[PDB]
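In: When you get a sec, could you give me coordinates for this:
(chains A, B, C, D and E, ligands or ions: 1)
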Amino acid sequence: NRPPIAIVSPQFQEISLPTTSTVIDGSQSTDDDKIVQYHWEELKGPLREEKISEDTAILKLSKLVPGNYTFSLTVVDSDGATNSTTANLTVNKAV
Amino acid sequence: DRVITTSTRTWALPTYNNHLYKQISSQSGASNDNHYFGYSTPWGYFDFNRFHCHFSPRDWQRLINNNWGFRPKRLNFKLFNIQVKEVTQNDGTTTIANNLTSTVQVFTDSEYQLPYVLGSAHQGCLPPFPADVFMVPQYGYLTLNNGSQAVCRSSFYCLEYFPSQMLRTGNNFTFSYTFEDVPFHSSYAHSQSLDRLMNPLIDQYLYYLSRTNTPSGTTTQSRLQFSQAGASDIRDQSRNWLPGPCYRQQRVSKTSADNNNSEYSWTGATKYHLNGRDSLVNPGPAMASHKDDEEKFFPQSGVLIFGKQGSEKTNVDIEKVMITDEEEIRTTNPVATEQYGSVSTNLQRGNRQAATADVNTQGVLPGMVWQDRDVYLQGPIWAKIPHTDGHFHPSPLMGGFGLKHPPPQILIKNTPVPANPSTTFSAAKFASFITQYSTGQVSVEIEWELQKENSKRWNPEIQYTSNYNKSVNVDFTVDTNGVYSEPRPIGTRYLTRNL
Amino acid sequence: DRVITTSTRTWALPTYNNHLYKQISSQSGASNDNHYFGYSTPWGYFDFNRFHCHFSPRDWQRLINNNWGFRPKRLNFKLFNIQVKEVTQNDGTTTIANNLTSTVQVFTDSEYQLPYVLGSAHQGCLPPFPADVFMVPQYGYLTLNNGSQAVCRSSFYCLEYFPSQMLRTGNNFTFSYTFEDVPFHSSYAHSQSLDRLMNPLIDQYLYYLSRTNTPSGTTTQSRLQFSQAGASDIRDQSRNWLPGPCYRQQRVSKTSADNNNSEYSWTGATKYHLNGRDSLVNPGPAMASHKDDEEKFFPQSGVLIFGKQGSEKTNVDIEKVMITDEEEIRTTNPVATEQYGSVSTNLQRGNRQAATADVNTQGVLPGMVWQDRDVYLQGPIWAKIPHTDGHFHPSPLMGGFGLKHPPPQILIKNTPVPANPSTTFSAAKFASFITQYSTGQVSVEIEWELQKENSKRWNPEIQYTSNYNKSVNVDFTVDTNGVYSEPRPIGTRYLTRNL
Amino acid sequence: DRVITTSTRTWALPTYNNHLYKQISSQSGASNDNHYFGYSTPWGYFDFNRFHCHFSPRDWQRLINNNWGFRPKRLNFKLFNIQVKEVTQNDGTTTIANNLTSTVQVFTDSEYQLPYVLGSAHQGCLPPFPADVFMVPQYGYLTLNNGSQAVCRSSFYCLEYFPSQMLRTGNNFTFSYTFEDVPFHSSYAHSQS
Amino acid sequence: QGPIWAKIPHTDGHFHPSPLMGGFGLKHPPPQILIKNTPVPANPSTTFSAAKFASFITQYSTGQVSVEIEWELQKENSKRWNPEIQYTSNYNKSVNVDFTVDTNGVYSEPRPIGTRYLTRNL
Ligand SMILES: [Mg+2]
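Out: Numbering: from 1, shown residues only, chains lettered A, B, ... in the order given. Here you go:
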């Protein structure tokens, strides 16, 4: 079989305060057979406690402080094949 | 109390799949929500499941300005003046000739043994304008899938297995069908709202809690007080009924600056989750599109959206589509973009205040009343009610008549005609054919039953009418190039009735 | 289109309660959810409310591999070859003798005046294997309770008040009953899912919002765009129907390491709250046990769980039980352990993003379709529909036929026979009796109506079949000690139909 | 206690042997076990002697999971919507046209006077899948041989000698046959040895 | 996918005439139905020639053929207690469905299906 392809709707999130919650969609990820696992991971970002690291298709980020973020989405095949793709998020402080 | 529509059109049927049945799937890679597995067949089928394949715009106006209801009674379907043409290309030229010996096969699935695909709003009916010639659509269907793969209960249907009728030039096909007893569609709006059914002159004999605390020196004190509601506190009246069910939709504006600058076409959509995959609810349960004086807002996926003439297939701008709106039912059904209401969440007491919550989803409750979605001139007529153990109020969500035994699928295909065979036997499957296609006339005649309007109201009603001013083109007409267009969606609720 | 089952068994009826009616309650101390109040009676009753009391395993296979539906039509019940035995113990020895003068009393509650207890999945039916002899169960019932105490509306029924039939050796009892018109059970799975009923070859004429913002220089800009859905965006298609209702259950794994290390059998259970007390919902509304390829998961209390032969009563390990699974209905019903879908929660605008929420509870909505729970060979046949003003879709949640007037309770008891009375009158209640019990044959004959399978599918279907390989024991047979066992639960959905 | 199967297919019949009857043999050299002598004819024949030319797989399953036996009772055979095409090649191109005047000859050998070749598991029946179009097989037969040579009792059959039916476009052919009493096939295994 | 019948050879003696490949041995099997295109001569010379005509107009025929067979059945009537063996499709997922056409329109029969699933005693 062919390995899955990870897809993220927004790749340049531009959300500033007071808006503290954005969202990244990974439900568009596609592969010949079906995807059996979704895995989100924050590669970098503002040192804080509220982390997600969840296993859902659509990622919901809340309580986001200002700074730069980078999330890596990893999807898994029914055979075990995987693929990853990165997402960018920027949270600016009010003006 | 009866109106008979009759429509004749000219169709062209090519040979599909080169006569083969093929397995089709999303096995090229898709999202979990987009995976499928099914079969494309070599057959074509006849689709006349839209009101405009039967009613001319003037007929529609006559129907909606004068009737409170209508429903289909019977239909007669015909195929005649059939002719098969053989196409041969030599030296980069095309020659077409008539074959009086070739046939066309017609299978009418009156026992509903094949997957019913009419009822899924597909594009391929008899054109609304009678002078248009149309291509008959290819029949295909889907079965169970697990990703892009099939499972054991997945079904494969071969249509030749069933007995069909053969037609050669000169032969004609007739089919008569009777619709089952179905409720009349309600072609009227209500002149009263559910929360205004009382007599505004007389107070109620019943009481309601009108105050909870009262002045006690310098501060308040807990004290329950009751009042009888009259016209001044009309919101507090005791009532016997509740607004219909709801499944909240997101709200978008026809004014691009009123909307958020992000991608929420999917992330903010109202969905249903079935066997691991999400589907958009569209259009969901019948709800009002907007509340009074907010005509610019509509439910993200809560209304039927038609395309204007010549509109493309993807990422078309809002000026290319005609967004319908169901503001007529706002008298009984909740507004699609707001909460159904509010409900208590805790138990109040001396040191705890009453808390409440919005209810964004509301299943049917005893005492609920509602109106179903409206039908349009360019919308669906019927849908087959799924064959299940239970189906609550089986009125197709896109609008129309839910039928147990809908008009059967009428499938048609060109009989294959082998090209020159070798002179030595070969067990191999025949793969060379004489190129051809058929064409002919099709006429559908439906008898509709009507409920004549009989209003005793004094002032004049609302009627659908053409705009009396001057214009470059007339609505529902052909332009200077011969192109027919439908300028707007025409609903069915002009007349009024009280609740 | 008919199949008649007939079952004969040998029963033994002891004297219960020593002929007394006793008040029973939880008055020894219990939780609020476990309190009760009722009466144990001296009567026994006949229970044949399981499919295996009528169908042999082979009969069941014949039924499920060939029919799309079936429902009960009539029944004939008999008691014969009755014999009463008197037991006398002298010098630590037991002597049993026949009494041709003693009787047995049989009361058939055809007017439903007594609390109906059949329909609560109790263990005491005619054994599935015809050579087993069974003890007739004791009849008891519950009434209203307030803690461990009764209230004024609490009812007390004395069965002698009603006219019964007396039977001595040689007398026999016959009873015929006709079932009311009830829907056929659906013994088939669907070969199509609700979200895949479209023709995958043709696009829809309707549009849906496909994009909300678009590139504008270096950033995006709000802009609504629409598309017509075809096969590549099949999740966005406009549909006419919705999946059935849901009441979310927790998910547990048959693999102990996949589960949390805590006690949530109750704290994490799906419950209903009635008059101050909680009850487990089990099995609740018909839902699919798991989504594709997750056969190891099941609803905490969403499926019927049978015990393997010789399984104990409490805290039995998972290898001792047979967990059923309703994956067949996943084509129309939601998966029991996931959300019904998602719904909009706010109103988006320039400075506010669209927000959504999962719906873990969903009452019926117009346009919803669903399949009821499957019946099993070792499961319930019918249940009495509660006598209430309203009851939506009265299909017993454990599975089976909901009946207004179910087969009546047939109660039986040994007539008391006083031991040697004193020779001087005493008004005191007689408390010394001659020890005895009765025994006899019971035969139940049910006529079932069938809907023969008539599939026009081309490829072969799924059929229930025994495993063709070699084995130490044959399934649904007796072992080397004479013990009969049912190795697995056998459902009824093998054949397939389309939606 | 009855099940009726029905199968319709589209066939193509070329002209065989260029209309000639030819003597055929292994006279080009063969082993003693492979020698033969016979005739290839210009005729084609219809073969529906396989269960899949009548039973769909689902039908077969319905039959085998529910019956202890079955046997054929009667059959009805039809030929219809016949059309003859004439092929003319000019300047390296192919043109096909319809001839409503030409015929097709159909001979049903109900008196079993010709060598019966059905029953030798040959490949040319109505395809199992109903949408397949098949070429009608050429009829040929063998007679007595002594090596690659014939002997005096070797028979030669000319099919035109028999009376056949002529069919032009529009004409159809029907034939009904009743099977003789034959034992039921045993569709069951024994549970005892 | 096997043979239905065979013609029993016309001989003086034939012990238990059940075709060895399987099926129904028949004395008078369904008759051979032979068919052929009538020859149509091409342009003949204008002077008589006794020689055999060897030039023909190239052609072929085509049409529909339908066979309808009525079969008699002996319904299974087992009084056995445990369940029998039945022919069944494999309930698991697969790229292609058995006895179906593939992505190119090619029909295939994946395995041979016999007729002996049900059981009787000896
Ligand atoms: Mg893959």
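
In: Can you tell me the closest non-neighbouring residue to residue B:286?
Out: Leaving out its chain neighbours, the residue that sits closest to residue B:286 by C-beta to C-beta, 6 or more residues apart in numbering or on different chains is residue B:373, at 4.3 Å. C-beta: built from backbone N, CA, C; applies to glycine.

In: can you count the residues close to the one you found?
Out: Around residue B:373 there are 28 other residues, counting by other C-beta atoms under 10 Å in any protein chain shown.

In: repeat for residue B:107
Out: By other C-beta under 10 Å, neighbour count at residue B:107 equals 21.

In: for residue B:86, same thing?
Out: 18.

In: Show me the beta-bridge partners of it.
Out: Taking DSSP bridges as the rule, residue B:86 bridges to residue B:97, residue B:436.

In: quick one: contacts for residue B:379?
Out: Shown in contact with residue B:379 (C-beta atoms under 8 Å, 6 or more residues apart in numbering or on different chains): B:50, B:51, B:304, B:306, B:398, B:399, B:400, B:489.

In: what do you get if the cut-off is 10 Å, keeping everything else the same?
Out: B:49-52, B:121, B:304, B:306, B:324, B:373, B:398-400, B:489-492, C:205-206 (C-beta atoms under 10 Å, 6 or more residues apart in numbering or on different chains).

In: Give me the subset of those that lies in strands.
Out: Per DSSP state E, strands hold the following members of the contacts of residue B:379: residue B:306.

In: In PyMOL, select just the buried ones from the contacts of residue B:379.
Out: Those of those that count as buried under 16 or more other C-beta atoms under 10 Å in any protein chain shown are selected in PyMOL with:
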select buried, (chain B and resi 49+50+51+52+121+304+306+324+373+398+399+400+489+490+491+492) or (chain C and resi 205+206)
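
In: roughly how far apart are residue B:345 and residue B:357?
Out: Residue B:345 sits 5 Å away from residue B:357, going by C-beta to C-beta, to the nearest Å.

In: cool, residue B:51 as well?
Out: For residue B:51 relative to residue B:357 (C-beta to C-beta), the value is 42 Å.

In: mind listing the strands for the stretch 301-450 of chain B?
Out: B:305-307, B:316-317, B:321-323, B:341-344, B:356-359, B:361-362, B:382-384, B:390-392, B:401-403, B:410-414, B:436-452 (DSSP state E, counting those that start in this stretch).

In: make that chain A, sorry
Out: Under DSSP E, chain A gives strands at A:12-16, A:22-25, A:37-44, A:58-61, A:67-76, A:82-92.

In: buried set for the fourth one?
Out: The neighbour-count check on strand A:58-61 (16+ other C-beta under 10 Å) flags A:58, A:59, A:61 as buried.

In: tell me, how many neighbours does the residue nearest to the last one when sequence neighbours are not counted end up with?
Out: In other words, residue A:61. Nearest residue to residue A:61, sequence neighbours excluded (C-beta to C-beta, 6+ apart): residue A:22, at 5.2 Å. For residue A:22, the neighbour count with other C-beta under 10 Å is 20.

In: show me what contacts residue A:22?
Out: A:10, A:13-15, A:59-62, A:64, A:69, A:89-91, B:262, C:353.

In: filter those to the buried ones?
Out: The neighbour count (16+ other C-beta under 10 Å) marks A:10, A:13, A:14, A:15, A:59, A:61, A:64, A:69, A:89, A:91, B:262, C:353 as buried among the contacts of residue A:22.

In: count of neighbours near the residue of the stretch 351-499 of chain B found nearest chain A?
Out: The stretch 351-499 of chain B approaches chain A most closely through residue B:360 (17.1 Å), counting by C-beta to the nearest C-beta. Residue B:360 has 20 neighbours, counted by other C-beta under 10 Å.

In: That one contacts residue B:339, doesn't it?
Out: Yes: here residue B:360 reaches residue B:339: they are 5.6 Å apart, a contact under C-beta atoms under 10 Å.

In: which neighbours do these two share?
Out: B:246, B:248, C:344, C:345, C:346.

In: From the buried ones among the contacts of residue A:22, pick the one nearest the ion.
Out: Closest to the ion out of the buried ones among the contacts of residue A:22 is residue A:59 (22.1 Å), distances taken as C-beta to the ion.

In: residues touching the residue nearest the centre of chain A, list them.
Out: Compute the mean C-alpha point of chain A, and by C-alpha atoms, centre = their mean the closest residue is residue A:71, 4.6 Å away. The contact partners of residue A:71, by C-beta under 10 Å, 6+ apart, come to A:8, A:13, A:24, A:26, A:40-45, A:52-53, A:59, A:61, A:85-89.
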